[PDB]
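**Q** Fold the following for me, if possible:
(7 chains, ligands or ions: 6)
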Amino acid sequence: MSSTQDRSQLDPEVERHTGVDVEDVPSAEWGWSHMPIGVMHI
Amino acid sequence: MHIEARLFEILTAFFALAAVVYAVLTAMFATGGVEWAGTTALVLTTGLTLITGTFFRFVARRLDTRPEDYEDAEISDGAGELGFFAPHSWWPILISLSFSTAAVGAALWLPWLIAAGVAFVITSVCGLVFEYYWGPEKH
Amino acid sequence: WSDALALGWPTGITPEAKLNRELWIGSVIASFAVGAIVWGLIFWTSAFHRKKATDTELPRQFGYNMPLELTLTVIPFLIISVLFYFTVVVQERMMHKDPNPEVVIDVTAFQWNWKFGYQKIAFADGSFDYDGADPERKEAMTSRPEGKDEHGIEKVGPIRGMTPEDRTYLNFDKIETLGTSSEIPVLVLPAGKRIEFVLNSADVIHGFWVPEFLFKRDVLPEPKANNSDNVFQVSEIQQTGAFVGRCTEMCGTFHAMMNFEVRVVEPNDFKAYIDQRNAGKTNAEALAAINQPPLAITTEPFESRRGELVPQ
Amino acid sequence: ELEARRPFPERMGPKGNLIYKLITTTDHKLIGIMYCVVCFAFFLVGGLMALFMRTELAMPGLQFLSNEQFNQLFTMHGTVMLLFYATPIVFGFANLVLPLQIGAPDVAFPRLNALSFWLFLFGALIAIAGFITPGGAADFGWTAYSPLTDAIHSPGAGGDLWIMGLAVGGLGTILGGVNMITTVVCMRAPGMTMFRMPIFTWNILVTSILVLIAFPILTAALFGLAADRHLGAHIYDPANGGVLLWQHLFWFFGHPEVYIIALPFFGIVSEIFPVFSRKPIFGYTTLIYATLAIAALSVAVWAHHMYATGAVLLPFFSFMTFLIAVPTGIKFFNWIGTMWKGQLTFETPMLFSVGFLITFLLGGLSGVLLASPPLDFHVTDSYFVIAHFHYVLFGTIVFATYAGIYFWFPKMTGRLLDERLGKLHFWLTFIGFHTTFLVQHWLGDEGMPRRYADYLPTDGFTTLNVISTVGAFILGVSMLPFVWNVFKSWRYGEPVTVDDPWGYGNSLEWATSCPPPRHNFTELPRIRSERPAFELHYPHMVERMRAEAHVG
Amino acid sequence: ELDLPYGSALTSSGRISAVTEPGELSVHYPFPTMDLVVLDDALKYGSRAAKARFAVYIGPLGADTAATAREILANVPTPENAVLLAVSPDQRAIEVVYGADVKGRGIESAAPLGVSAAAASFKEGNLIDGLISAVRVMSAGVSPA
Amino acid sequence: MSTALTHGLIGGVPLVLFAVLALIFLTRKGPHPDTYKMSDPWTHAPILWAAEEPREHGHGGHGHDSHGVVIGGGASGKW
Amino acid sequence: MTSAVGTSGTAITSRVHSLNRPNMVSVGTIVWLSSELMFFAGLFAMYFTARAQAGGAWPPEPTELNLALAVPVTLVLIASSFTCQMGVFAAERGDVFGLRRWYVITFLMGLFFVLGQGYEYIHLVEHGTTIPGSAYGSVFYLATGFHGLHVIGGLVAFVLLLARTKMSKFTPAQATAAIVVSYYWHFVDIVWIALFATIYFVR
Ligand code: HEA
Ligand code: HEA
Ligand SMILES: CCCCCCCC/C=C\CCCCCCCC(=O)OC[C@H](COP(=O)(O)OCCN)OC(=O)CCCCCCCCCCCCCCC
Ligand SMILES: [Cu+2]
Ligand SMILES: [Cu+2]
Ligand SMILES: [Cu+2]
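**A** Numbers count the residues shown, from 1 in each chain, chains lettered A, B, ... in the order given. Ligands and ions are numbered 1, 2, ... in the order given. Now the structure:
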């Protein structure tokens, strides 16, 4: 119990609405989280 | 732990008999007397089983019958606080890698790599052992 | 029927080989009887399918049959004890160690070929005033008065005061039938006589096995120091002709290229061969002189080339 | 009055939910899965080495292999299959179900068994890594006899990597033995007495003791060899008892090694017969004594692999070699008794389990033939011995392990392996196996010593070798149905929403959700007999299992 | 109260541990595994956009179809934002029900579209394909809360 | 002996046996129930399927309570 | 985080309550020591085979065992075992600092044993006998130096356990850790007694 729950306001800016989702990558909103599969295929 | 001790007691009896008969029938009826390899191996596996069985017997006499060792024991009897079992840990793989480094250093006779692998083994074993005792950072 | 039931065991050429083959036939008969009954049990309990007529009623659920367990743990002991008694009586004639061998062959096996010395020959009928040489058994005692240090060490040697590079255990003889990589060695032995083999290895363990002797031994580097009874005897060799022999323990890379021959010839042929070898001649020359093919007829010294696809 | 379940269970899982577990997993169930997957990878890698040997040996010439390349193949094939597939997978199965089968949540030291797996994996890799070196892997045989392994003979680095790779892998096996033996002794269900824990857990327990007795000797011997190779320590100098010292040291480990490889899968086979025969394991108390006797005898009958050396007390080891065959006979008869008068249903676990009986017996029957020194003389170090221990190993640690995999795939994945593909895999394996090795008895009976890279066309038994190669490639393709079955059944395939996909299960591992909850249980039944799960699922049988028991 | 006809027992806790004879299966769903997987994939990630739990009820829904649809939607874990499409081929009937939270997000406008998508495929003779198509159309219609 | 013959044998006998065994076994009716034909009546028990798509507050069952069905829509159709 | 979901003072506790049930760590360490006994069995087999194959004069002429130095180190190892047992007695109690004192002096005396073994090693080496120099020298060095490596590992375990006692509150788990370390040290001294009787007295 010698710990304090953290809370953070990260300045956001693509709107992560076409791509990866928190269900697939839990921290999608926290950073670059998805590379187009076309990039990996090519 | 009566049966647990008795298993090793039986193994010790058999291995002692095997060592004695091997030693006798090799001291006589062999090309060069006692073999001194099979004899020693049999004697010290008798010692293996003897040590384990003696400890188990000490424990059995020191312990009252557990639910595990007690026929006709209900689950609620043993229900209670089980002890600490280590959750997830990534120190075992580091220990294995350090020992592998030391092993390749021994195979390819590289004393520098042997020293590095031994240092890494010390570090990784220290990490594993201290994993659940390292206190919080004091700043 | 015996040949087929022997599972590809060559018909022996020695009394020991014949006796071993008979024991093998008996043991295989016993093993096949046991296997037949057990396979019958398995294929008969495979008739206990889950019959659709089986209603909501589980099987007899018995387990735990003490008398049956006792019977089936008594009978295997009887079977294996009979087999052990037969094994012991056959083993007794594995090395009779007759102190009067009729011909002694010093078989020294080095890395990837053989050499045969003809240590001694003493025919019972009376012949062959022959003997081994042994002037060349020279030791390698590293008993220098002083080593690197100034004094005190006076090192004698690592092992029993000698050096591992000793080779004194090896024995050498006047007539050496050394086998070259391109010439398969052909140890020639008289038929009908008792042949002792004194077995040794120059470098590494390997195994002298004449498949038609129905017997192999492991030529070790220092059998006497390893408590190994390298020397072993054969009471007789009835059939004449060339018999292949092979290496049957790991020698190195060319472990499969150590094949040799044990050509059994008549006693008069052996007389002529040994006389012609005492006279300056090679093994092939002596064989040709006694009118027998010089080169190993059961095997060839096959290609020294590493393989087929190597560009010559 | 109805549940909202997904149309199909989750196939694979979210991105990045597994990689970090493998690194940090302290769960025996996942570690056992890692063992099984990795062990099978070494089976395929080690098995591929035999196909190269098979292709080369199909014809008298040296078509594509060299003498030393072939020599490295059976060294590493024998090494990989035994020490990197057969011995590491007993603790793979132990970690898989042994805590489940005793009611425990985890193993005694679960960070230690994680270390054991990684010691196995990395130790195995450095041994196989002798191949990438220019010289090659260890050229000497798997037995690695003394003078041939000295620095003078086989001086390459691959031989050394092999020695140390076994030392690293050996430690993991020793530590794994400490967990299983400590887990059984200490961690057990509140009602599971030592004489009521399943036969497989008992078999692993005694196997662990054999591991502790045997493997440390190997590590001592390997270091002695490594000291001899790197320091000229004269430890195995032939002028000493070196040649017979190593054989005494190695086989004292070796023969227990071939029994720690055997006893665990006797338990697996013993776990599968009662569930599919719908009756108790015939003679439970006898099997545990038989297992105990085998382990006790295996230690003192080590030298029957050294009959040809002519340097051992020949009668002594033969007698105990005939004495250790009797307990294995009792075990074999008990398995038939379990099958006797039972409602047998030959699903893919029984199919493999019965195959073990057929293949093991013939290999076993040849085993006693080898126990006779006079017969062992001619047949020693020949392909008859190669045929012996393959009918016994493959029977014991391929047929049984596959039976264990097929039997316990639902209990670790929640999915059922396809029965049709399993039957195809078995018969390909069964037909393939008997083809490759049955003729090898005749092959070696007539003169053909093993570890022969090439043979003359004039030498007979050229037709047998091709027949053997045909069988091995039937075995080669037999692993395709299995890998396909597992590949398309791990993520797809008939899900099991119930305990005991094979009804009438025992051993208390069938008393929990087929994918077991972390810590193995949400419900521990009242353990009364050797069949807790059966007692739970069929309470009406509880009285009958006591009444009909004694009659036998 | 009675457990399954054979081999299923109530454990010390609530969970019932069941068994099946070795040959047979557990789910017994009368659909191919692959199109079951397809419908599961739809329900799972083709609905993540909707952020409302999509459910499919193939069972019969008799008497007043609408009301039975309501009280089977009640069984969805969170009916507040849930979309239950129920088809009874015993009655050739389709009924879609929505939770209070999933309302005004295009769900009401997507109901005829989803029902028509289901109906076309059903009259074509493909229950699972029709369910998948209806789920896809409805999930496209719904917007995240 | 007949290098080509031996190669063809070792390469083909496994393939022929595999094909035969696959025909014998893989062509057997599986345990999976046959697809439900629309014409036949619905004999299977009622099936309710759910996405498990969202996060359901706390994982533990207790505390969820029963807020209510709160039905907020409807539809109908007859194929 | 009201107080704790797990009502335990220590994040790390015994693996099972040792008062009623076996100490799991003790069981494991005892089994592992029983295995190390077989490791030393292999070493003993090597030594005894070399002794048997020696031609009467088992220690070659160049080698001369310095029993005058080998007896003090053996007595020091016995004393190390005794003081380690005293440290165990402290560990059974909550005597953190008593355990630390006993184990520190145990470590010091084990280090003295290692240094004395090294001194005898260099003395023997300069007096001819070396691993490549003789079969006796090689078997003796193999056995005694593998025991020395085990003693070094024991010293490492001692210092590691002391560091662990320095970083967390003493608990039954940590007392058990001390107990198993003491088991290892006792096994090491017992195998040393065996090796001493075999090398220096039996010869
Ligand atoms: C799982 C592995 C396994 C198992 C169970 C066995 C079991 C046995 N082995 Fe095995 N053996 C090996 C693996 C195994 N072996 C290996 C890997 C080698 C290496 C080859 C080498 O390097 O030399 C080897 C080598 C080997 C040799 C040396 C061959 C040689 O080098 O020339 C010999 C005997 O000489 C032998 C004997 C036996 C015997 C008597 C049994 C028996 O204990 C059990 C099997 C026999 C039975 C008979 C069981 C069936 C019994 C009944 C059905 C009861 C009724 C029947 C009778 C009473 C006959 N084995
Ligand atoms: C577990 C132990 C085990 C197993 C399973 C096997 C399996 C097989 N063994 Fe085994 N074998 C031994 C242990 C084992 N062997 C031992 C211990 C020796 C003695 C070694 C010595 O004396 O030094 C030996 C010796 C031995 C020899 C004698 C070598 C010689 O002396 O020259 C031969 C010859 O054919 C042989 C053949 C086979 C075959 C054909 C199989 C088959 O059953 C194997 C099945 C094959 C596969 C499963 C491969 C198919 C898969 C693929 C082709 C896919 C590859 C994919 C990847 C690599 C990713 N073995
Ligand atoms: C496996 C290790 C490798 C194989 C196994 C080795 C086991 C040995 C164990 C302990 C030995 C310690 C005592 C050694 C000291 C005894 C004296 C002596 O040895 O004699 C002097 C010689 C020179 O002799 P010289 O040239 O003829 O010149 C004479 C001058 N007149 O030094 C030497 O070679 C000795 C050097 C040996 C160093 C060994 C270090 C081992 C550390 C390995 C770490 C763990 C590896 C893990 C592997 C998985
Ligand atoms: Cu050879
Ligand atoms: Cu040779
Ligand atoms: Cu054996």
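
**Q** and the residue nearest the centre of chain E, backbone torsions?
**A** In chain E, the centroid-proximal residue (C-alpha atoms, centre = their mean) is residue E:56; its distance is 1.1 Å. Per-residue torsions, residue E:56: phi -130, psi 130 (degrees, to the nearest 10).

**Q** which residues touch it?
**A** D:7, E:39, E:43, E:84, E:85, E:86, E:87, E:131, E:135, F:47, F:48, F:49 (C-beta atoms under 8 Å, 6 or more residues apart in numbering or on different chains). Where you see a C-beta, it was placed from the backbone N, CA and C, and this is true even at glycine.

**Q** So which of those belong to helices?
**A** With DSSP state H as the criterion, helices contain E:39, E:131, E:135 from among the contacts of residue E:56.

**Q** ok, for the second one, nearest residue in space, not its chain neighbours?
**A** Just to be clear, that refers to residue E:131. Excluding the flanking residues, the one nearest residue E:131 by C-beta to C-beta, 6 or more residues apart in numbering or on different chains is residue E:56, at 5.2 Å.

**Q** what about the closest residue to residue A:25 other than its chain neighbours, which helix or strand?
**A** Nearest non-adjacent residue to residue A:25, counting by C-beta to C-beta, 6+ apart: residue A:33, 4.7 Å away. For residue A:33, there is no host helix or strand (DSSP states H and E).

**Q** if I look at the residue nearest to the centre of chain E, how far off is residue E:73?
**A** 11 Å (C-beta to C-beta, to the nearest Å).

**Q** shared neighbours, the two?
**A** The contact lists of residue E:56 and residue E:73 share residue E:84, where a contact means C-beta under 8 Å, 6+ apart.

**Q** so which residue of chain B comes closest to chain C?
**A** residue B:32 (3.4 Å; C-beta to the nearest C-beta).

**Q** Is that residue in a helix, a strand, or coil?
**A** Following DSSP: H, G, I helix; E, B strand; the rest coil, residue B:32 is assigned to coil.

**Q** can you give me the helices for the chain?
**A** In the absence of a named chain, chain A is used. Using DSSP H, helices in chain A cover A:37-41.

**Q** that's the wrong chain, I wanted chain B
**A** Going by DSSP H, chain B shows helices at B:2-27, B:38-62, B:75-78, B:91-107, B:111-130.

**Q** where do the strands sit along chain D?
**A** Assigned by DSSP state E, chain D shows strands spanning D:4-5.

**Q** burial of the closest residue to ligand 2 within it, as a residue count?
**A** Nearest to ligand 2 in chain D, going by C-beta to the nearest ligand atom, is residue D:47, at a distance of 2.3 Å. Residue D:47 has 19 neighbouring residues, counting by other C-beta atoms under 10 Å in any protein chain shown.

**Q** so it touches residue D:81, yeah?
**A** Yes. Applying C-beta atoms under 8 Å, one finds residue D:47 in contact with residue D:81, separated by 7.3 Å.

**Q** Spit out the contact partners of the residue of chain B closest to chain C.
**A** Per C-beta under 8 Å, 6+ apart, neighbours of residue B:32: C:227, G:52.

**Q** again, but for residue G:150
**A** Contacts of residue G:150 by C-beta under 8 Å, 6+ apart are G:36, G:188, G:191.

**Q** Nearest to the spatial middle of chain F, which residue is it?
**A** residue F:32 (7.5 Å).

**Q** any idea what the residue in the stretch 101-250 of chain C positioned nearest to ligand 2 is structurally, helix, strand or coil?
**A** Here the stretch 101-250 of chain C gets closest to ligand 2 at one residue, residue C:250, 7.7 Å apart by C-beta to the nearest ligand atom. State at residue C:250, reduced to three classes by three-state DSSP: coil.

**Q** What sits closest to it if chain neighbours are left out?
**A** residue D:141 (4.7 Å).

**Q** can you check residue D:281 too?
**A** residue D:274 (4.5 Å).

**Q** what residues does chain E put near chain D?
**A** Neighbours of chain D within chain E, by C-beta under 8 Å from any C-beta of the partner chain: E:7-9, E:11-13, E:15, E:17-23, E:25-27, E:29, E:33-34, E:36-37, E:39-40, E:43-44, E:55-56, E:59, E:72, E:75-77.

**Q** Mark which of those residues are buried, thanks.
**A** Neighbour-count burial (16 or more other C-beta atoms under 10 Å in any protein chain shown) applied to the residues of chain E next to chain D gives E:7-9, E:11, E:17-22, E:25-27, E:29, E:33, E:36-37, E:39-40, E:43-44, E:55-56, E:59, E:72, E:75-76.

**Q** so who does residue C:114 touch?
**A** Applying C-beta under 8 Å, 6+ apart to residue C:114 gives the contacts C:107, C:108, C:178, C:179, C:185, C:187, C:208, C:258, C:260.

**Q** wait, what's in contact with the third one?
**A** Spelled out, it's residue C:178. C:113, C:114, C:115, C:185.

**Q** how does it look with 7 Å?
**A** C:115, C:185 (C-beta atoms under 7 Å, 6 or more residues apart in numbering or on different chains).

**Q** neighbours around the closest residue to residue C:159 other than its chain neighbours, how many?
**A** Nearest residue to residue C:159 in three dimensions, chain neighbours excluded: residue D:239, at 4.1 Å (C-beta to C-beta, 6+ apart). Number of residues near residue D:239 (other C-beta under 10 Å) recorded here: 26.

**Q** quick one: residue D:239 and residue C:224 touch, right?
**A** No. Using C-beta atoms under 7 Å, residue D:239 is not in contact with residue C:224, being 9.9 Å away.

**Q** In chain F, which residue sits closest to chain C?
**A** Counting by C-beta to the nearest C-beta, chain F gets nearest to chain C through residue F:3 (9.6 Å).

**Q** for chain C, longest helix please?
**A** helix C:15-45.

**Q** Which parts of it count as buried, going by neighbours?
**A** Neighbour-count burial for helix C:15-45 flags C:16-17, C:19-21, C:23-24, C:27-28, C:30-31, C:34-35, C:38, C:41-42, C:45 (criterion: 16+ other C-beta under 10 Å).

**Q** Do whichever helix or strand residue C:84 is part of and ligand 1 come into contact?
**A** In the assignment (DSSP H and E), residue C:84 maps to helix C:66-92. Yes. Using C-beta under 6 Å from any ligand atom, helix C:66-92 reaches ligand 1 at C:76, C:79, C:80.

**Q** what about the last one, distance to residue D:321?
**A** Spelled out, it's residue C:80. On the measure of C-beta to C-beta, residue C:80 and residue D:321 end up 9 Å apart.

**Q** if you count what's nearby, which of the two comes out ahead?
**A** A count of neighbours by other C-beta under 10 Å puts residue D:321 above the other of residue C:80 and residue D:321, at 26 against 22.

**Q** where's that one relative to residue B:27, distance?
**A** From residue D:321 over to residue B:27 (counting by C-beta to C-beta), the distance is 22 Å.

**Q** With residue D:399 instead?
**A** From residue D:399 to residue B:27 the distance is 44 Å (C-beta to C-beta).

**Q** which of those two has more neighbours?
**A** Taking other C-beta under 10 Å, residue D:399 and residue B:27 do not tie; residue D:399 has more neighbours (28 against 12).

**Q** Burial check on the residue nearest to the more buried one when sequence neighbours are not counted, number of neighbours?
**A** In space, and not counting its chain neighbours, residue D:399 is closest to residue D:356: 4.0 Å by C-beta to C-beta, 6+ apart. Residue D:356 has 25 neighbouring residues, counting by other C-beta under 10 Å.
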